[PDB]
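Reviewing the structure listed below.
Computed from heavy atoms alone, side chains included, the values below leave out hydrogens, waters and symmetry copies. Just so you know, ligand 1 is whichever comes first in the structure, and atom 1 is the first atom listed for that ligand. Proteins come first, then strands; the chains are lettered A, B, ... in the order of their sequence lines, and each starts at number 1.
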Amino acid sequence: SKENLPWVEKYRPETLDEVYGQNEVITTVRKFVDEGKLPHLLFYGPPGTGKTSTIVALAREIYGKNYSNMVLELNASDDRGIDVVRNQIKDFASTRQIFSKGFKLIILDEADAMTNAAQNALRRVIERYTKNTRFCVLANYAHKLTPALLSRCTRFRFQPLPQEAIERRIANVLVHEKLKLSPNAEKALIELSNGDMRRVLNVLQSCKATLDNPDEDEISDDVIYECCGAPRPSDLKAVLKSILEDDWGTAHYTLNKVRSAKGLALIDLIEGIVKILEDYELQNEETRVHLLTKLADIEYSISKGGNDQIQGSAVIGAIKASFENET
Amino acid sequence: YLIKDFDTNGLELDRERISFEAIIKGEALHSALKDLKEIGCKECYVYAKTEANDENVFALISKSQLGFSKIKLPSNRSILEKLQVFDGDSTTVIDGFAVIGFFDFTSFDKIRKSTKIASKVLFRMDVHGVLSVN
Amino acid sequence: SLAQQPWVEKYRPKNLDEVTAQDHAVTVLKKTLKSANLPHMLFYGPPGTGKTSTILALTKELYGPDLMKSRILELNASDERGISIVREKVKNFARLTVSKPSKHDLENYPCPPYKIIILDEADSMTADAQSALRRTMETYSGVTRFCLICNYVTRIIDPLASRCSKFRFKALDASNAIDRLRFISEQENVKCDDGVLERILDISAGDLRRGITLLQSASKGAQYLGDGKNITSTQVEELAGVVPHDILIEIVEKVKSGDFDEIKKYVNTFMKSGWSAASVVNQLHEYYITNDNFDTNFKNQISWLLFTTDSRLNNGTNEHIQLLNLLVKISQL
Amino acid sequence: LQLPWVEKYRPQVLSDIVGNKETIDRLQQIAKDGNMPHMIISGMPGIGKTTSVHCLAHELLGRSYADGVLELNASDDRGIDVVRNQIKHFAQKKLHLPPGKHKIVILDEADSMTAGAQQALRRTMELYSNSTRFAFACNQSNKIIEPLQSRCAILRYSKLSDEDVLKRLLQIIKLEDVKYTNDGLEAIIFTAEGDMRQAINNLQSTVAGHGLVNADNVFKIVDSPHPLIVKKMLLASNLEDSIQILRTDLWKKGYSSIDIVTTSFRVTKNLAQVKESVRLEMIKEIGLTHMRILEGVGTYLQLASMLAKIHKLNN
Amino acid sequence: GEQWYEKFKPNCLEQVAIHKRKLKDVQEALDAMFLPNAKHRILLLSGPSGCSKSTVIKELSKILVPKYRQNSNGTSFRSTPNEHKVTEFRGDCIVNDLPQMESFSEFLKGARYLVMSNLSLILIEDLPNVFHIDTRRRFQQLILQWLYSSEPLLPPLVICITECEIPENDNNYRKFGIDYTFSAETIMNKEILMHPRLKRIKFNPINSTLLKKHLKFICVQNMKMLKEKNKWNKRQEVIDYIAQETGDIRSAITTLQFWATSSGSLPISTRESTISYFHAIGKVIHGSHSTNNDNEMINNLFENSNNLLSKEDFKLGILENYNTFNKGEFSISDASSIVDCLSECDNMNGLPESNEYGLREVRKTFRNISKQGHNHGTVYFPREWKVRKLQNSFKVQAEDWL
Amino acid sequence: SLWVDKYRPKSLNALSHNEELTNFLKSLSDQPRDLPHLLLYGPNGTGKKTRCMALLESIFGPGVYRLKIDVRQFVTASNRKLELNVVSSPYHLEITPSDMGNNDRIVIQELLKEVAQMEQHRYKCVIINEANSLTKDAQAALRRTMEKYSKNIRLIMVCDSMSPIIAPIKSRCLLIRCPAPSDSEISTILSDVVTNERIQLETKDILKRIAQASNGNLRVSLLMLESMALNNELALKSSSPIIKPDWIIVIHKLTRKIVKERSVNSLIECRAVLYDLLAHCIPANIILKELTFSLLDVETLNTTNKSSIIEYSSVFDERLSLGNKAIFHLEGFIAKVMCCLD
DNA sequence: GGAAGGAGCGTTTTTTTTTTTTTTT
DNA sequence: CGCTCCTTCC
Ligand SMILES: Nc1ncnc2c1ncn2[C@@H]1O[C@H](COP(=O)(O)OP(=O)(O)OP(O)(O)=S)[C@@H](O)[C@H]1O
Ligand SMILES: Nc1ncnc2c1ncn2[C@@H]1O[C@H](COP(=O)(O)OP(=O)(O)OP(O)(O)=S)[C@@H](O)[C@H]1O
Ligand SMILES: Nc1ncnc2c1ncn2[C@@H]1O[C@H](COP(=O)(O)OP(=O)(O)OP(O)(O)=S)[C@@H](O)[C@H]1O
Ligand SMILES: Nc1ncnc2c1ncn2[C@@H]1O[C@H](COP(=O)(O)OP(=O)(O)OP(O)(O)=S)[C@@H](O)[C@H]1O
Ligand SMILES: Nc1ncnc2c1ncn2[C@@H]1O[C@H](COP(=O)(O)OP(=O)(O)O)[C@@H](O)[C@H]1O
Ligand SMILES: [Mg+2]
Ligand SMILES: [Mg+2]
Ligand SMILES: [Mg+2]
Ligand SMILES: [Mg+2]
């Protein structure tokens with residue numbers, strides 16, 4: 001059954017009606033299919049915005065139960081070399097229709113991983129077979145796509161999911177499976193999602209697993225932070241205040257206590273402090289330059305692995321030195 | 001392995017509207033397919049025609065590096081038995097209309113081995129263009 | 001194996017119940033014991049935090065010794081994990097149907113309807129190979145589950161991190177893993193002074209494996225001595241490689257009295273003793289930051305100096321040159 | 001399902017091609033005279049290279065187009081064996097074309113052929129040039145080996161001007177009876193960036209999605225080009241303004257860090273407003289950021305630091 | 001209908017656009033190779049495209065082969081005198097019962113018989129598929145066997161190699177020498193090139209004087225149409241442009257025909273010529289005369305010579321030759337800055353913009369201190385290869401000692 | 001035979017310096033059943049390999065010192081031949097994957113894993129020389145190979161610097177510090193060697209100079225003592241000159257040249273010496289270190305010049321670590337030093 | 001006998017993965 | 001892209 005599947009797959013939209021946050025694109029595609037004027041599509045966007053789900057739902061709507069033999073889907077997991085493009089795709093696009101269901105769709109998922117030769121060969125396949133064949137190209141990085149392929153496909157940008165769409169989908173998930181989510185917990189979940197629905201679903205599943213009895217227990221912000229392990233906003237505010245106001249010893253003690261009470265990671269703390277500082281009042285540009293450069297260098301050092309205490313002291317010193325420029 | 005979501009039964013012939021139907025001996029068809037394979041056939045044309053005074057024409061036209069070659073089966077009953085070109089309806093048989101089906105030889109050559117052991121071959125073309133071989 | 005295996009290998013957690021300081025994820029992994037709803041997992045954390053042990057114990061608990069050999073496919077850095085391997089072997093295993101469990105395993109074990117692929121040390125995989133794992137992880141999620149273990153989360157491409165539920169394995173210190181080390185010592189009849197275990201955990205710097213190895217070395221030394229005396233902090237410090245406090249004091253005194261000739265001579269003499277630059281740098285950072293006898297500007301500069309030198313050392317640079325430059329730079333300040 | 005206008009209204013005669021009037025007139029004179037030499041047509045994608053070559057071949061041949069044109073392309077196999085057999089036999093083929101005409105071998109996207117294939121093409125052109133002519137079409141002319149270039153006349157197609165795009169768009173709109181305004185056509189031209197295929201596709205999408213063509217309607221389907229936003233981000237007086245542009249117009253719109261860095265490098269290459277040293281330092285910082293991103297740290301903080309370093313260099 | 005560069009082909013050795021010195025050298029070498037027992041067995045001619053290698057070879061053969069060819073006694077194939085002065089290898093010949101790699105061998109094993117009464121000059125211009133590794137190895141082995149052969153008599157062998165770059169293609173991922181440059185060094189090997197019985201003569205691009213003379217002759221030949229179309233009065237300038245744009249005679253004639261046939265006025269263009277290694281080094285160091293904006297020159301060089309500029313060889317050459325600006329008598333600060341920039345570029349994992357940064361820094365630094373009164377030194381190839389060879393010898397000796 | 005090898009101790013008790021390390025080795029060998037993986041780090045020439053061999057002898061008897069050599073062929077992904085001289089004994093095995101450069105990972109995957117799978121019940125000991133020269137990929141591959149097959153094989157690794165060792169490997173191994181011998185111990189060893197060789201000496205001070213010219217490295221100490229003894233007709237006098245390695249003298253002369261002439265032409269001339277030193281297969285990092293510390297010994301230079309020199313040396317050492325070609329960084333260091341001196 | 005134009009000089013070192021062509025089969 | 005040297009014109 002579907003109950004065994006992870007929520008990221010159990011709650012995969014089955015129809016375009018369940019797709020949220022892409023209203024303009026959804027309406028444009030509805031009009032295209034209704035008027036029978038669907039052009040070559042290029043869905044460009046970051047991970048987990050609903051490109052694969054949207055195209056699958058569109059294919060279901062156009063055909064219905066024939067989606068198996070009306071659509072050819074190729075992704076990175078499959079071989080997509082020049083030879084594959086020259087034989088399999090060419091054969092699929094050069095054959096007549098089973099039931100004259102409009103056209104044949106080719107979903108080149110994760111096409112940004114295709115080789116340049118494959119794209120060059122595929123451009124003329126796209127151009128030659130367009131009377132009864134359609135192409136959809138899904139990508140997260142456009143610079144990996146050849147300029148000609150970009151020009152020959154109508155581009156649709158999948159923006160990060162707005163807050164309202166994610167709230168609606170969370171409400172639908174809660175209704176489907178008995179569970180309660182506090183407004184503060186929902187706000188924290190939205191903040192940590194950063195416009196990714198996969199993160200939303202994974203965190204919700206893990207938070208339900210965190211709750212002892214998922215029948216009468218309500219998800220709270222504390223549960224969300226404990227499950228995700230990310231710092232709470234209060235900890236970030238306190239550590240920033242200590243760094244910007246307290247002495248070196250006090251700041252070191254505060255940071256150590258904050259990151260040892262819950263075993264927090266320094267990368268998350270630095271990201272939170274950066275986000276907080278990005279919306280502060282600065283009277284000098286050199287302060288911002290110092291903050292940005294030093295913090296970016298510290299994150300780069302952290303990415304490679306080093307001494308945790310050294311990096312924490314580096315963050316504290318960089319912040320203190322940069323903020324000394326003011327006044 | 002997990003059964004592919006793709007339905008292998010999606011490709012079928014509609015019996016209501018059959019463009020034409022033919023009966024041929026397995027040996028002759030196997031020989032013709034071998035001949036096309038030898039010349040490195042790239043594209044195949046199935047040509048079917050029925051005319052008056054018991055005139056039946058079934059031909060394979062190969063487009064390859066040789067250019068265009070033609071292999072036509074005879075009208076003898078022992079090889080080519082019985083032909084209709086319905087024009088789409090499976091009820092009325094007309095004379096003078098030619099049914100032409102264009103195929104990639106890569107797919108067409110996948111039945112040669114099946115035809116080698118064949119004792120009889122039934123060909124059917126519908127209006128939709130799907131070729132069925134029994 | 002009781003007396004023929006290293007302590008780290010002999011005390012590897014067998015079940016999830018004995019994992020010490022990963023409750024935030026161990027609870028989630030336990031509650032799915034009877035859920036048939038295990039998602040794709042990405043464990044990330046510093047070395048020796050209990051990642052491989054956790055996944056091995058989970059597989060044993062869900063499948064058991066007989067069914068584990070059929071429902072588990074484990075690949076690591078020692079195995080060749082090119083893009084072709086990901087495309088062929090991993091895909092074929094994921095698409096396979098779960099083997100039919102027997103009567104005994106069903107009676108005694110949950111036997112979920114899915115298998116497990118454990119890509120340990122996934123941070124060593126190329127970007128293209130990681131990309132090839134994206135849709136496979138999703139298409140066959142009804143019969144397969146993926147587990148990626150890593151130390152550098154940034155080395156995992158964003159799509160995979162999105163496709164996997166992320167679990168962070170926290171560092172183990174005297175406040176998180178003292179109980180496990182105390183249990184190991186008690187079962188090994190290891191004697192030590194009060195606070196020795198805390199000192200060992202602190203030296204480990206968030207790695208219970210290092211603490212266990214150090215405890216084994218200390219026990220071996222005590223047994224060889226045969227004096228029936230509790231192990232003190234001095235022995236653990238000497239076997240750990242920590243520079244003695246006296247050498248640190250002498251280095252600080254040399255740095256304070258700014259003199260290139262004297263400083264370089266003392267540095268040459270010190271580095272002709274085999275000490276590691278990382279340990280002395282960490283000790284210097286601790287001493288300077290924790291001291292209240294220095295001004296704020298000096299600490300601000302020394303923090304960046306220490307960070308730069310540590311970053312240089314992590315790149316595989318000459319320890320002698322880097323240490324001399326660090327000492328001279330602090331002397332200038 | 002009507003065909004898209006990019007293909008429905010594809011020009012059939014050279015006189016219907018807008019822009020590059022000089023080269024199109026030269027091609028018309030070539031078609032009239034009939035003494036077509038070996039040629040290489042290079043230019044930006046979607047400006048009328050394939051269309052121009054096909055129209056010239058059609059005008060030259062006519063009833064003999066099918067038997068006198070051998071169209072090869074990237075999607076078709078173009079290895080050394082192909083040159084050895086198919087191209088060789090086509091060149092050897094003896095036709096009966098009018099006195100001043102020759103067979104045409106259209107090697108579209110010729111900048112992707114293998115080196116061995118081009119080396120064999122050297123000999124096949126050296127031997128079969130009396131009755132066969134080659135019309136290479138590519139984006140970069142240097143991608144053809146020098147021995148082949150030596151025998152071919154070079155035609156570089158320029159980027160389409162606004163006037164030609166507007167004229168062709170107006171003709172298409174009149175043919176399709178599409179309702180339009182001035183601001184909408186201006187926006188379509190601005191977003192086209194000289195690519196007429198992109199312009200036609202955007203116009204069709206806008207009309208099918210919103211009906212009447214408007215500036216807002218066009219902007220809905222098509223966003224502002226990424227390079228212009230990046231250029232505005234780079235050329236800034238205050239770091240705060242550059243950060244605001246990067247956040248609102250690039251990060252929040254769903255643009256990957258790698259794309260932003262690559263476009264920043266491309267823009268800095270062609271920018272001519274500051275001294276050489278400033279541009280050099282900007283390129284250096286962009287390269288450092290690209291390195292730090294390729295290793296996994298594709299965060300917004302890295303781009304912010306890159307902008308801060310660039311601004312510091314400017315001052 | 002016939003293209004002019006084919007219609008106006010040389011009819012004698014005196015009409016070939018070749019310098020007197022190079023022509024005399026080729027004559028002497030070829031005449032020596034035709035002697036009964038000639039020391040030299042192979043003539044390796046290497047040069048750019050359209051420098052009249054095959055043309056001069058054929059013109060010289062037409063005069064030399066009849067002189068040495070032994071008279072026959074009715075043993076000729078046909079009644080004709082067997083007008084086969086030059087025997088050439090065709091790389092697209094596919095016989096039925098023969099593997100492809102064995103084609104050239106079958107040619108060579110026949111070419112040996114074209115001696116004495118059947119004397120013929122063996123020309124190898126259309127090489128086999130040397131991009132195939134096995135084919136290239138077989139070709140090299142066959143050439144070595146020809147050089148080391150033990151027959152009393154062999155026919156003269158001429159190999160004309162057109163040295164050109166291989167553009168970066170998507171279908172090819174290998175980074176071998178042949179994948180970058182199609183030259184004698186990449187096609188042949190050290191043993192063949194250094195063989196005492198092989199003579200190598202390098203051709204140069206045709207100078208402006210010969211190009212101008214031949215273009216003027218071509219224009220004079222076609223006077224009716226030029227006068228009718230009113231292009232005679234302005235022909236000279238056009239010729240001058242061509243003379244200073246390309247060294248390829250075939251490309252020049254093609255461009256002249258294209259300009260003349262055009263009824264309107266189309267800008268005159270010719271094929272692009274790749275910048276050589278030392279030419280690129282000089283452009284980076286001293287600049288370019290054709291341009292004053294350094295940014296434009298660097299962008300053009302990167303867009304047209306990306307393959308050459310991407311390799312570490314160019315960076316090493318810059319490091320080696322940056323000191324020849326003023327014979328070394330210039331501020332040491334500039335040298336330190338250049339070397340520091342190159343060192344920091346070395347850490348950028350060979351990104352193209354790292355190369356951009358390095359070249360632009362060098363260009364800016366040299367422009368800052370540029371002055372009219374400058375005397376330069378000599379440009380030398382970096383000696384990293386010698387260091388590598390010495391290191392290999394050291395490894396061998398250390399292994400022996402161990 | 002060379003006096004370095006013919007005096008090599010063949011037992012732990014024979015060791016006469018660093019008694020603490022000897023006692024630690026005795027403790028480790030007391031119960032040779034649960035011995036963890038060992039990583040011995042220490043300055044070159046201390047005697048780490050000798051200590052490892054002594055421990056192996058004390059554990060598995062005297063067959064370890066009976067060494068055998070074999071040729072094991074390796075095939076890479078590109079069908080490339082690789083040859084690694086496998087030094088094996090009936091009780092232990094030795095390998096130096098650094099000789100394979102960036103291909104060492106294959107040795108970790110095809111040699112160590114295959115032997116680890118084989119079951120010997122006791123375990124086998126594998127020694128890896130120059131562990132710090134291993135590429136990061138090889139170190140990563142070593143992790144699960146060590147962890148999974150600890151029953152069959154116990155790993156011993158030797159290095160002069162732990163900086164290039166990844167954190168997982170240091171976690172998986174027991175660290176052993178090997179202090180270099182002091183001047184007094186080197187003097188005593190040399191005194192024993194000279195006494196047993198029937199060589200004449202005038203004053204013990206000469207030995208101290210031999211200790212000073214080496215300054216920790218016992219191998220070079222013995223080599224140069226033998227060279228001096230043979231050169232002086234087996235008669236070591238107080239005024240006998242000290243023989244140093246040729247590249248050392250070359251580096252000192254280059255330093256003097258740099259100090260004397262701070263000019264572009266001087267840099268060009270020094271480039272040739274750098275090429276010659278590299279052509280002698282001298283590591284770039286050791287070249288940089290020796291040049292830096294020869295420059296820092298110049299009396300003419302002041303504190304600021306020395307500080308700048310060390311700063312540039314550290315920066316260019318990092319660049320060498322992260323860089324591919326070595327000439328760029330050495331030349332940049334020399335040029336910057338010359339610019340500052342001027 | 002300056003003046004311009006031109007020739008010769010100044011050149012050869014491997015090796016990670018992955019894809020792709022070529023050839024043989 | 002310059003140096004150096006050799007041919008040629010004038
Ligand atoms: N608009 C949406 N509405 C509802 N659920 C969504 C939406 N977008 C994503 N999801 C959920 O998140 C999952 C992500 O599916 P995808 O469509 O493949 O995401 P994506 O945009 O393709 O990410 P990439 O680019 O493939 S890494 C879906 O299976 C849903 O469970
Ligand atoms: N949470 C824990 N509870 C008990 N023992 C632990 C724990 N974590 C580590 N250990 C011990 O330390 C050893 C480390 O084994 P692993 O679990 O593989 O460490 P790790 O997290 O995989 O480190 P990396 O990332 O592979 S270097 C285990 O075999 C145990 O003996
Ligand atoms: N100059 C033009 N005038 C009129 N329509 C044009 C022009 N250029 C392009 N188009 C239209 O755009 C379509 C595509 O143009 P193409 O010529 O195929 O593109 P392209 O210039 O060949 O770029 P490549 O080489 O295929 S990437 C044509 O079918 C026309 O409908
Ligand atoms: N005066 C002339 N001198 C030399 N070649 C001429 C002349 N006039 C016309 N040509 C032609 O120009 C072409 C160039 O000469 P080639 O010798 O073929 O060039 P090349 O040296 O062989 O370079 P490749 O390898 O063939 S591109 C030939 O086809 C000649 O027939
Ligand atoms: N304790 C010792 N007593 C006498 N000689 C020693 C001792 N330790 C090392 N040596 C000598 O030093 C020489 C080189 O030591 P080596 O094993 O190369 O050290 P490392 O492994 O640190 O390079 C050996 O030939 C050995 O004779
Ligand atoms: Mg997707
Ligand atoms: Mg592990
Ligand atoms: Mg085109
Ligand atoms: Mg030629």
Distance criterion under 2.8 Å: protein N/O/S atoms around the Mg ion (ligand 6): 1

Are any of the N/O atoms on [X], whether in the backbone or the side chain, positioned under 3.5 angstrom from an N/O atom of ligand 4?
X	value
D/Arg151	no
E/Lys9	no
E/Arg250	yes
E/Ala17	yes

Side chain, backbone, both or neither: E/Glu125 near ligand 4, heavy atoms under 4.0 Å: side chain

Location of contacts on E/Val56 toward ligand 4, heavy atoms closer than 4.0 Å: neither

Partner of A/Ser77 by side chain to side chain contact (heavy atoms under 4.5 Å, CB included), out of C/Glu138, C/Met137, C/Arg135, C/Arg134: C/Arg135

Residue among E/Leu215, E/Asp248, E/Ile253 satisfying side chain to side chain contact (heavy atoms under 4.5 Å, CB included) with E/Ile242: E/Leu215

Between the candidates [options], which shows the shortest non-hydrogen contact distance to [atom]?
atom	options	answer
atom 7 (C) of ligand 4	E/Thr254, E/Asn11, E/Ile249	E/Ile249
atom 9 (C) of ligand 4	E/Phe8, E/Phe217, E/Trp4	E/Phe8
atom 19 (O) of ligand 4	E/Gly50, E/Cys160, E/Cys164, D/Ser150	E/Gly50

Parallel, tilted or perpendicular: ring planes of A/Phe158 versus A/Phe43, cut at 30 and 60 degrees: tilted

Aromatic plane relationship, D/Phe134 with D/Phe136 - under 30° parallel, 30 to 60° tilted, over 60° perpendicular: parallel

Interatomic distance, E/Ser273 atom OG to E/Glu165 atom CD [nearest 0.5 angstrom]: 9.0 Å

Gap between atom OG1 of F/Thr96 and atom CD of F/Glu130 - 0.5 Å precision: 8.0 Å

Closest approach of A/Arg12 to A/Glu18 (non-hydrogen atoms, all atoms of both residues): O-OE1, 4.4 Å

Close side-chain approach of F/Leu67 to F/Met53, heavy-atom, < 4.5 Å: yes

Side chain proximity check, A/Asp112 to A/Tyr44, heavy atoms < 4.5 angstrom: no

Test log, rule salt bridge (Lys or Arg N to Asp or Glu O under 4.0 Å), inputs F/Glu226 and F/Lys6: CA-CA 12 Å; F/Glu226 194 174 324; F/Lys6 186 262 288 181; over 6 Å; no

Amino acids contacting ligand 5, non-hydrogen cut-off under 4.0 Å: F/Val4, F/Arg8, F/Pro9, F/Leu15, F/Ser16, F/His17, F/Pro43, F/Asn44, F/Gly45, F/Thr46, F/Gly47, F/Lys48, F/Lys49, F/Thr50, F/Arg51, F/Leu218, F/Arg219

Can you report which non-hydrogen protein atom sits closest to [atom], along with the distance?
atom	value
atom 25 (O) of ligand 4	E/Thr162 OG1, 2.2 Å
atom 10 (N) of ligand 4	E/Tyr5 O, 3.9 Å
atom 6 (C) of ligand 4	E/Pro10 CD, 3.9 Å
atom 15 (O) of ligand 4	E/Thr55 OG1, 3.0 Å
atom 21 (O) of ligand 4	E/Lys53 N, 2.9 Å
atom 1 (N) of ligand 4	E/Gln15 O, 2.9 Å

E/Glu163: which of E/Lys202, E/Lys53, E/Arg200 passes salt bridge (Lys or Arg N to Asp or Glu O under 4.0 Å): E/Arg200

Donor-acceptor pair, side chain of F/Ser187 and main chain of F/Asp183, under 3.5 angstrom: no

Whether E/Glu6 lies under 4.0 Å from ligand 4, heavy atom: no

Between D/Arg151 and E/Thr254: side-chain donor-acceptor atoms closer than 3.5 Å: no

Distance-only donor-acceptor check, side chains F/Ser11 and F/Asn13, under 3.5 Å: no

